[PDB]
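Only one chain is included here, represented as structure tokens and corresponding to the form deposited in one PDB entry.
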């Protein structure tokens, strides 16, 4: 399966990027060496200063990865497992660097390491998908890298705020970000355990992994997209960035200094940086083993896949189920030939949705998955872009018709909304998700300025709009004020009487609002 990229930046820019990449590899080797050590014994798995060091390596790994491709244009033709990521990024509403986008994926680093001709080390991996022992809220960790947030990524366990870990919730709240129904379901689970794995969440909510995740953009739906809304609203702080950059280099030497010292307690040979480079492959198969295996038995007992195949797919994808169900049939079959269509539908639900429910060829299905990754990715794409594509004939007739179907389907699924009204809306604002995002943001005048949009469609889209306007004495203009003022319906419902009478609302209105 193809991995590849091409560097198009200046000679001086070229050397800068390799300095960054090579440091990140040095940081990620920390994460691996600490893991090797703790699976050696009982005591090692329970040594406190060992867990703490493990985490500081993870933080530094994240920091250098934020620093890849600062000008958003040093690379082109980024391919991961046969798919061009340039195109992925350009269709997303905020665009951005396809290099950092590629690094969020298991094995994505291969594309970039080719372009930079990295050969100074065996298996020069940078990975950023650490879950159970992550200092930060995991999903958030990934989205900081995607937007190159050198400034926001902390570089020491000590400086990690409770708002990026323990109460990640305050961060959402501080920026008035709109959240949808599905997203509310997710956060429930995370409220008890913020380090709950995505597939486990998926199991307990009866949803596939891709619905849980979403697209790495504000204009989508899932924990990924939710975070993107947030991060894009924090303004960039040039000073912190500077501080982090001068402080980070020294830490990497200090941490390695700390590892050797501790390593002597559990071995007769110390873990020097030299030993690590020496025994790279040896050190990381220990990690990959259990990972691959825990994933092969899952695919058998939770998915009913023959043992030979389960073992094949696990290996190919470095033990990630997430990655497996973002992958088109033909390529899953390409590396695992005994794989039946039935069995592949069992792992990728997106696939089973367009075939069993919408009714397409496996060919058109693989098509849509290739260009847009998932159902969510189709909805995050502008209706007129879709057309432009088919215009120059990149989408097949069967594929083009289907995308148009799924997009309107997201609107016409509702109570009062019809075909042509949904079209005009996508024409005025681009895509469905931006429409729903605006409806949660309560911009009502802006929406009713479109022809076909009256109170019947506002009662269908804007949450708590029906609830508020059906009150006697309140009008549109007024509903917009109050929902914006307090943020959301229930925050009006549960507001204090002093506050609400301050807004000129009478007791008759308040009683009914509270519902007394």
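C-alpha atoms forming the largest set that superposes within 1.5 Å between two forms make up the rigid core. Residue numbers count along the first chain shown, from 1.
Heads up, the form deposited in another entry isn't pictured, but that's what we're talking about next.
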Select from 180, 441, 289, 200 the only position whose Cα moves 2 Å or more between this form and the one not shown when the core is aligned. 289
Taking the rigid core as the superposition reference, indicate whether the CA of residue 493 shifts 2 angstroms or more between this form and the one not shown. yes
Using the rigid core as the reference frame, would you say residue 122 shifts its C-alpha by 2 Å or more between this form and the one not shown? yes
So that I can tell if residue 10 moves, could you say whether its C-alpha shifts by at least 2 Å between this form and the one not shown after the core superposition? no
Classify the change in Cα distance between residue 120 and residue 110 in the other entry as closer or farther, relative to the shown form (magnitude of 3 Å or more). closer
Closer or farther: how do the Cα atoms of residue 255 and residue 121 compare in the other entry relative to this form, given a change of at least 3 Å? farther
